[PDB]
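> Chains as they are written, first to last, in PDB author numbering: chain A, 3 to 539; chain B, 197 to 294; chain C, 344 to 392; chain D, 4 to 529. I have a structure here, written as structure tokens, and I will follow up with some questions on it.
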Amino acid sequence: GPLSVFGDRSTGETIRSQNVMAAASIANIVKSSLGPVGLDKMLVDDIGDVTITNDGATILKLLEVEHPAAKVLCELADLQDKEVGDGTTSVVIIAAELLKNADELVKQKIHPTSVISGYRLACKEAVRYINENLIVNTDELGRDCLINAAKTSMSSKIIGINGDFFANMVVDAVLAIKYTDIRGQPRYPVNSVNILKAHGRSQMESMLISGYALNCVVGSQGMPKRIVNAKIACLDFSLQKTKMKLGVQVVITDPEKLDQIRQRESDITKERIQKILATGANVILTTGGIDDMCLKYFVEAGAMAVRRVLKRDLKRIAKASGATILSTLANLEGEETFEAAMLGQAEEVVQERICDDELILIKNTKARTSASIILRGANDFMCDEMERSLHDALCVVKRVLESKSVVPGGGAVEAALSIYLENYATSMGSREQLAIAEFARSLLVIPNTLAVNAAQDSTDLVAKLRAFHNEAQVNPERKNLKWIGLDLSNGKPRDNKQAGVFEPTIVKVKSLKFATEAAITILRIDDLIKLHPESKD
Amino acid sequence: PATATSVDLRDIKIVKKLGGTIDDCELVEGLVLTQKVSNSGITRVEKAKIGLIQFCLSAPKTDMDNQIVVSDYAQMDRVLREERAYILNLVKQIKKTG
Amino acid sequence: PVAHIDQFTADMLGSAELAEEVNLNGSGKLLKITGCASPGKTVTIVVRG
Amino acid sequence: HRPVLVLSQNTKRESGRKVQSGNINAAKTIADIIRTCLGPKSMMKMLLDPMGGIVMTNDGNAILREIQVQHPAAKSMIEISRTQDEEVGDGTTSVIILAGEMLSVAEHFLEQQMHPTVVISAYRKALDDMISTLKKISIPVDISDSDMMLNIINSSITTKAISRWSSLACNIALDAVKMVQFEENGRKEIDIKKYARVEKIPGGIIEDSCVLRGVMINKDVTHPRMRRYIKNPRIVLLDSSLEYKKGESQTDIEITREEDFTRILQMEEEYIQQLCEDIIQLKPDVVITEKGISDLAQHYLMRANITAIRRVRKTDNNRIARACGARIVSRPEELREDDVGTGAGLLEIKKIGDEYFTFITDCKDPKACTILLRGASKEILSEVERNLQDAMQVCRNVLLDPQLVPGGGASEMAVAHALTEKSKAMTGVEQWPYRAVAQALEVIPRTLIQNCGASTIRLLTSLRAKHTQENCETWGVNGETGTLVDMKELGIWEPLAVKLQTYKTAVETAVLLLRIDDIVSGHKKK
Ligand SMILES: Nc1ncnc2c1ncn2[C@@H]1O[C@H](COP(=O)(O)OP(=O)(O)O)[C@@H](O)[C@H]1O
Ligand SMILES: Nc1ncnc2c1ncn2[C@@H]1O[C@H](COP(=O)(O)OP(=O)(O)O)[C@@H](O)[C@H]1O
Ligand SMILES: [Mg+2]
């Protein structure tokens with residue numbers, strides 16, 4: 003008679019209501035952490051680890067979910083960090099409100115394929131409207147565009163100060179790592195900025211180290227911890243005792259040749275350590291291991307030897323200081339040459355006091371003038387929040403300097419798209435105008451969430467917000483009301499052009515493309531079959 | 197076409213990568229590999245000549261059990277320096293090919 | 344396919360107008376060979392999402 | 004059994020006023036634990052640890068490290084006192100009471116329908132003005148003066164349990180920092196954790212405890228024929244062993260003839276004689292290594308009259324290398340004349356309570372010393388060790404920043420009147436939470452009179468009126484008697500780095516705990 007599947011089968015509008023409540027279970031969590039009036043949360047593990055954060059990526063990654071429609075929105079926040087770098091809170095609220103308004107359409111006996119086809123006419127038109135109504139590129143504003151875009155990202159986090167202390171440390175970090183590529187590509191690799199945490203003084207004592215800040219120790223306490231005019235020798239091979247391989251063994255037939263082999267295991271080792279040190283190298287970085295016998299040759303010669311450093315940290319030092327990452331001996335059948343003209347350079351390599359730890363700093367590196375940021379907080383919970391907030395701020399200045407285009411934030415984009423898509427559905431709307439009209443109401447939840455978290459007027463401030471954007475589209479008398487946003491400190495519509503609330507273009511372009519594509523997949527779960535877990539059989 | 201009535205779909209590889217939208221799909225007629233490049237200091241070469249090598253560029257070893265007998269002071273120098281000269285003859289044989 | 348190093352000659356090599364590692368913004372990066380002399384009856388489809 | 008289709012299984016959700024006012028009560032609870040451990044009239048608090056020991060202390064950091072809490076906002080306050088303990092010495096307790104009071108006045112404005120971002124933006128404006136006020140009321144210190152530095156460290160140990168032996172603990176803690184003040188290249192560094200070892204021995208009296216001019220270790224001589232009393236030794240420090248061990252290879256010998264097995268056992272004896280002949284070319288007196296010494300190596304050092312110590316630790320070898328001026332070598336055939344630690348004074352293998360101790364003291368110019376503590380038991384010797392750690396770090400802050408702030412309540416009330424007069428030009432909604440920061444700083448002179456039993460109404464009215472005039476402004480609370488004495492006559496002075504780190508950590512703790520409106524507990528990790 004019925005299906006003989008050993009699991010569970012639920013069809014009809016039951017799963018069509020369960021997927022919306024699964025998406026609203028995620029959106030109602032992160033709705034209290036959006037905008038400058040957003041508040042952080044607590045992520046307590048079963049073992050007791052506390053993670054205080056407010057970014058939409060760290061919350062949904064550590065939180066475990068069970069529903070299959072909930073895993074789509076949790077992986078949607080993970081893609082926003084890779085593609086853009088912030089947005090993991092705004093994409094999750096839009097994609098869940100896209101399913102909430104489409105649930106109201108499919109309960110009116112409207113087919114969901116018209117909602118999918120209606121959302122594509124609204125998503126492609128919203129990207130087309132935001133690319134023809136941008137304010138200005140990065141030539142008229144200059145350096146004021148990079149500071150105002152950085153302060154917009156920090157307003158939802160712990161580093162949202164009224165001054166320009168944290169804003170200037172992010173702009174000067176991305177501007178110091180400008181690495182040009184082939185075919186005219188001025189790329190800005192934000193992963194090269196070493197973000198370090200240390201529970202020390204207040205947030206106003208966060209150092210901006212022009213150079214690199216290595217998170218390692220010297221080791222033996224007989225080496226000079228400060229070397230001025232240093233020559234960095236970046237190498238990756240373990241300076242240890244010379245051990246033979248698996249295919250090589252020592253089989254001796256005469257006891258007189260015993261001590262000559264035992265001394266050869268250290269004489270070959272000390273042969274490499276004398277030809278990489280007599281060429282003027284003072285700082286030696288090693289990703290392998292330097293044992294206690296090899297530490298004697300640096301204390302006697304007065305050189306700094308750092309051992310067991312990261313492979314990702316050695317590449318950022320050797321590229322910024324002009325050093326060559328050497329692994330072994332080379333250069334056309336030479337015994338030990340080392341290519342001494344390929345040594346790095348540094349102005350000063352100084353191990354400073356970082357509140358009961360050891361931290362090695364390199365000053366300006368003499369080749370590329372890189373930068374590293376040492377963050378300072380009150381405890382480990384603030385320093386983990388300061389690291390995630392700084393990484394979201396580095397991604398804003400990366401996309402603005404690469405793609406010289408900004409849009410006004412604070413609900414100014416969503417207010418103009420809410421009125422343009424209603425008039426877009428009036429002309430060419432026969433059976434899909436109801437899906438384009440609900441795409442405009444789903445976009446209105448971004449200024450609606452800012453009114454709830456600020457404890458301001460909800461249905462009056464956003465109604466006054468769309469009153470300015472309606473006059474900028476039906477009365478072409480150069481009103482320039484396209485940059486009207488929200489002033490959550492006063493509760494009135496402000497002009498984001500003069501106030502300096504700037505966001506990148508692809509933080510709203512890729513947000514509307516990812517939320518529309520995620521809403522299509524969850525809209526096609528009209529039938530759902532859940533099998534029993536095959537653990538005990 | 198107009199020569200055969202069969203088509204093998206195993207000659208059409210499909211690479212699944214997470215990121216972007218469905219409009220970012222590509223129909224590149226060449227080879228797409230998911231492996232990483234070691235070392236990744238270059239990652240671009242024009243007018244490239246690609247060669248598939250099934251030989252292992254490492255220390256010499258045979259299918260039979262092979263051991264090295266070291267019973268002299270200078271015999272340890274003849275192990276490491278001859279292994280460097282072996283693979284140097286393999287790289288220079290590759291480099292002189294072009 | 345070259346197995347022994349004594350038979351590694353220029354006739355067993357290929358050709359490529361561009362062999363670069365496209366640094367993607369998403370899940371890592373991949374290789375992409377663009378153009379080759381006498382292309383075979385093979386093709387590759389890159390699917391995103 | 005069909006399972007229930009749920010989402011986020013086995014977790015909790017809490018939001019609203021239950022979390023904003025819930026983190027305040029978790030912070031007020033820890034402020035009531037160490038409230039009786041702030042002034043000079045404080046009392047000890049006996050603790051019990053699951054290892055089996057007993058911690059009887061009154062320092063605010065050592066109390067909170069033995070408390071295991073389950074609340075997440077209560078775990079944040081424990082890491083605040085750990086941050087204050089690693090930055091400065093005597094700056095921990097004062098932060099937990101101040102962060103509990105700045106959150107106490109912050110709970111009042113959360114009931115007035117005020118957003119937490121408005122109170123934090125008023126806290127950051129008040130934080131920037133407390134730093135500028137302490138720099139105006141500071142006083143430069145002559146670090147070359149000996150009696151001036153004794154009055155600074157006496158102000159930090161009057162609270163602790165070593166206030167009875169104030170004439171002894173001030174001279175030990177001052178001379179310990181001035182010996183380890185090392186400067187090789189162009190950078191001044193003070194390492195009081197790797198070079199200022201505090202060794203405690205149960206027995207004797209506390210008045211006989213003194214800082215040695217050198218190091219000491221709990222190691223006896225390797226052979227009884229070796230000397231236990233050398234006047235001027237030439238100490239050579241080693242790192243490798245003096246034995247014959249297996250090499251890092253696959254060495255295997257095929258013995259075919261009869262003379263081959265006896266030759267290998269003779270080459271093992273000749274290898275020890277080769278390295279023992281290389282270390283006696285410099286004519287040493289004391290050989291100290293980190294690894295084992297065989298009996299054949301003891302035979303050559305016996306007839307050469309060399310005292311050998313066997314298994315000294317790695318951390319003790321770096322400390323004796325700075326005291327005697329030696330260099331730790333790891334190769335006996337690569338020894339040089341600069342690697343010999345000349346200048347060491349009297350070396351004597353004494354015995355203290357059926358256990359030998361190697362004393363290397365009376366050095367000419369040591370860069371590392373060892374404080375020899377002797378007391379009644381291991382219980383109170385751990386108290387003096389934790390108090391001398393808070394007594395040596397407060398001397399390190401003066402040598403890095405020679406500025407003093409008038410403590411004992413005079414520091415907190417001088418800024419509380421500065422924030423009150425500066426709040427008159429606000430004219431906004433952030434004016435009222437700005438006024439609560441000045442009222443929250445008053446809890447530090449409130450705690451000095453609640454511990455000695457003085458009145459809290461009759462004293463706060465007279466102390467607040469003293470800071471109305473701009474003349475004196477340095478009047479604090481005398482914790483000994485209970486009246487109002489000026490701090491220019493008592494001598495209670497706290498360093499600037501202690502007072503700056505106290506205010507910077509108490510405000511930013513209130514910044515972190517006020518932005519928390521949600522708590523999710525019940526998820527697992529990898
Ligand atoms: N000064 C401001 N005025 C008004 N709105 C702001 C201001 N600063 C930030 N916002 C808003 O707060 C929101 C924060 O979004 P966010 O959670 O950072 O997105 P994501 O999670 O993708 O990083 C932005 O959409 C922006 O419109
Ligand atoms: N003789 C005294 N008169 C008045 N106040 C004193 C006296 N001695 C100490 N105090 C006060 O007692 C407080 C003790 O603080 P303490 O708990 O040692 O801080 P921390 O925990 O950072 O070491 C100091 O702030 C100081 O003002
Ligand atoms: Mg943001």
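Heads up, the beta-carbon is just placed ideally off N, CA and C, and yes, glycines get one too.
Can you confirm whether the segment 333 to 348 of chain D touches the segment 190 to 202 of chain D when touching is taken to mean that 3 or more C-beta pairs between the two stretches lie within less than 8 Å?
Too few Cβ pairs lie closer than 8 Å, so no.
> Listed in chain order, which residues of the segment 282 to 294 of chain B have Cβ atoms closer than 7 Å to some Cβ of chain A?
Taking 7 Å as the Cβ-Cβ cut-off against chain A, the residues of the segment 282 to 294 of chain B that qualify are 284.
> If you run the structure through DSSP and keep just helix, strand and coil, what is residue 102 (chain A)?
For the purposes of this step, residue 102 (chain A) is taken as residue 100 along the first sequence, with counting starting at 1. Helix.
> So if DSSP puts residue 492 (chain D) in a beta bridge, which residue, or which two residues, is it bridged to?
Indexing the fourth sequence from 1 puts residue 492 (chain D) at position 489. BP columns for residue 492 (chain D) are empty, so no partner.
> Leaving out five residues on either side along the sequence, give the residues of the same chain with a beta carbon under 8 Å from the beta carbon of residue 372 (chain C).
Start at 1 with the first residue of the third sequence, and residue 372 (chain C) comes out as number 29. Only 364, 365 and 366 meet the Cβ criterion.
> Would residue 158 (chain D) pass as a contact of residue 496 (chain D) if the rule is Cβ separation under 7 Å?
Here residue 158 (chain D) refers to the residue found at position 155 when the fourth sequence is read from its first residue. Here residue 496 (chain D) refers to the residue found at position 493 when the fourth sequence is read from its first residue. Against a cut-off of 7 Å, the Cβ pair of residue 496 (chain D) and residue 158 (chain D) comes out as a contact.
> In terms of DSSP beta bridges, what is residue 275 (chain D) paired with?
The residue you call residue 275 (chain D) lines up with position 272 of the fourth sequence. None; residue 275 (chain D) has no bridge partner.
> Please go through the segment 291 to 350 of chain D and give each complete beta strand (DSSP E) segment of 3 or more residues, from N-terminal end onward.
Entirely contained in the segment 291 to 350 of chain D, the beta strand (DSSP E) runs reaching 3 residues are, in chain order, 310 to 312.
> Could you check whether the Cβ of residue 97 (chain D) sits closer than 6 Å to any heavy atom belonging to ligand 2?
By 1-based counting over the fourth sequence, the position of residue 97 (chain D) is 94. Flag set: Cβ of residue 97 (chain D) near ligand 2.
> With DSSP as the reference, label residue 36 (chain D) as helix, strand or coil.
Translated into positions along the fourth sequence, residue 36 (chain D) becomes position 33. Helix at residue 36 (chain D).
> Mind checking residue 347 (chain C): buried by the 16 CB within 10 Å criterion, or exposed?
What you label residue 347 (chain C) is simply residue 4 of the third sequence in a count that begins at 1. By the 10 Å Cβ count, residue 347 (chain C) comes out exposed.
> Within its chain, find whatever has a CB closer than 6 Å to the CB of residue 3 (chain D); leave out the 5 residues flanking it on each side and keep chain order.
Not covered by the structure: residue 3 (chain D). The range shown for chain D is 4 to 529.
> Less than 7 Å between CB atoms is the rule here; does residue 321 (chain A) satisfy it with respect to chain C?
Walking along the first sequence from the start, residue 321 (chain A) turns up at place 319. Judged by the 7 Å Cβ criterion, residue 321 (chain A) is not in contact with chain C.
> Is it buried or exposed, residue 236 (chain D), if we count other Cβ atoms within 10 angstroms and call 16 or more buried?
If you number the fourth sequence from 1, residue 236 (chain D) lands on position 233. Flag for residue 236 (chain D) reads buried.
> Hey, would you say the C-beta of residue 36 (chain A) is under 6 Å away from at least one heavy atom of ligand 1?
One-based indexing of the first sequence puts residue 36 (chain A) at position 34. Checking the Cβ of residue 36 (chain A) against ligand 1 gives yes.
> For residue 489 (chain A), list the residues DSSP reports as bridge partners.
As a first step, residue 489 (chain A) must be located in the first sequence, where it is residue number 487. A:494, per the DSSP bridge assignment.
> State yes or no: is the beta carbon of residue 255 (chain B) nearer than 7 Å to at least one beta carbon in chain C?
Residue mapping note: residue 255 (chain B) aligns to position 59 of the second sequence, counting from 1. Answer no: the Cβ-Cβ gap between residue 255 (chain B) and chain C never drops below 7 Å.
> For residue 357 (chain D), tell me which candidate among D:55, D:223 and D:180 has the shortest Cα-Cα distance.
Within the fourth sequence, residue 357 (chain D) is the residue found at index 354, counting from 1. Closest by alpha carbon: D:223.
> If you measure from the CB of residue 503 (chain A), is any heavy atom of ligand 1 nearer than 6 Å?
Sequence index remark: in the first sequence, residue 503 (chain A) carries index 501 (1-based). It does: the Cβ of residue 503 (chain A) is within 6 Å (strictly closer) of some heavy atom of ligand 1.
> Is the Cβ of residue 509 (chain A) closer than 7 Å to any Cβ of chain B?
Along the first sequence, read from residue 1 onward, the residue named residue 509 (chain A) stands at position 507. No, no contact with chain B.
> With a cut-off of 8 Å on the beta carbons, I'd call residue 45 (chain D) and residue 64 (chain D) a contact; round off their distance for me.
For the purposes of this step, residue 45 (chain D) is taken as the residue at position 42 of the fourth sequence. For the purposes of this step, residue 64 (chain D) is taken as the residue at position 61 of the fourth sequence. Not a contact, Cβ separation roughly 14 Å.
> What is the DSSP secondary structure of residue 199 (chain A), counted as helix, strand or coil?
Position 197 of the first sequence, counting from 1, holds the residue named residue 199 (chain A). Of the three classes helix, strand and coil, the one that applies to residue 199 (chain A) here is strand, per DSSP.
> Using the beta-carbon of each residue, which ones in chain B are nearer than 7 Å to residue 370 (chain C)?
Reading the third sequence from its first residue, position 27 is the one you call residue 370 (chain C). Residues of chain B passing the Cβ test: 213, 214 and 215.
> Buried or exposed for residue 571 (chain A), please, with buried defined as at least 16 other CB atoms from any protein chain shown within 10 angstroms of its CB.
No statement about residue 571 (chain A) is possible, as the shown extent of chain A runs from 3 to 539 and does not include it.
> Listing by chain order, which chain C residues have their CB less than 7 Å from the CB of residue 220 (chain B)?
Position 24 of the second sequence holds residue 220 (chain B). Under the 7 Å cutoff, chain C gives 391.
> Is any heavy atom in ligand 2 found nearer than 6 Å to the beta carbon of residue 299 (chain D)?
The residue given as residue 299 (chain D) occupies position 296 in the fourth sequence. No, since every heavy atom of ligand 2 falls outside the 6 Å radius drawn around the Cβ of residue 299 (chain D).
> Among D:386, D:143, D:427 and D:468, whose alpha-carbon lies nearest the alpha-carbon of residue 406 (chain D)?
As a position in the fourth sequence, residue 406 (chain D) is number 403, starting the count at 1. Looking at the Cα atoms, D:143 is the closest of the given residues.
> Compare the C-alpha of residue 232 (chain D) against each of D:309, D:430 and D:124 and name the closest.
Numbered from 1 along the fourth sequence, position 229 holds the residue referred to as residue 232 (chain D). When only C-alpha atoms are compared, the closest one is D:309.
> Who are the Cβ neighbours of residue 300 (chain A) in its own chain at under 6 Å, not counting the five residues just before and after it?
Residue numbering aside, residue 300 (chain A) sits at position 298 when the first sequence is read from its first letter. Excluding residues within five positions, the ones whose Cβ falls inside 6 Å are 225 and 307.
> For the candidate residues A:15, A:32 and A:24, whose alpha-carbon lies nearest to that of residue 521 (chain D)?
As a first step, residue 521 (chain D) must be located in the fourth sequence, where it is residue number 518. Nearest of A:15, A:32 and A:24 to residue 521 (chain D), Cα basis: A:32.
> Going by alpha carbons, who is nearest to residue 123 (chain D) out of D:165, D:529, D:444 and D:519?
For the purposes of this step, residue 123 (chain D) is taken as residue 120 along the fourth sequence, with counting starting at 1. The shortest Cα separation from residue 123 (chain D) among D:165, D:529, D:444 and D:519 belongs to D:519.
> Residues of chain C with CB closer than 7 Å to the CB of residue 244 (chain B), please, in chain order.
As a first step, residue 244 (chain B) must be located in the second sequence, where it is residue number 48. Going along chain C in sequence order, the residues near residue 244 (chain B) (Cβ under 7 Å) are 359 and 362.
> Short of 6 Å in beta carbon distance, which residues of its chain neighbour residue 17 (chain D), apart from the five on each side in sequence? Order them along the chain.
On the fourth sequence, position 14 is the one that residue 17 (chain D) refers to. Closer than 6 Å at the Cβ level, and outside the excluded window around residue 17 (chain D), lie 522.
> What residues from chain A crowd round residue 119 (chain D), counting only those whose CB sits closer than 7 Å?
Residue mapping note: residue 119 (chain D) aligns to position 116 of the fourth sequence, counting from 1. Simply 41.
> Any beta carbon of chain C sitting closer than 7 Å to that of residue 266 (chain B)?
Residue numbering aside, residue 266 (chain B) sits at position 70 when the second sequence is read from its first letter. For residue 266 (chain B), the answer is no, since every Cβ of chain C falls outside 7 Å of its Cβ.
> With a threshold of 6 Å (Cβ to nearest heavy atom), would residue 88 (chain A) be considered close to ligand 3?
By one-based count along the first sequence, residue 88 (chain A) stands at place 86. It does: the Cβ of residue 88 (chain A) is within 6 Å (strictly closer) of some heavy atom of ligand 3.
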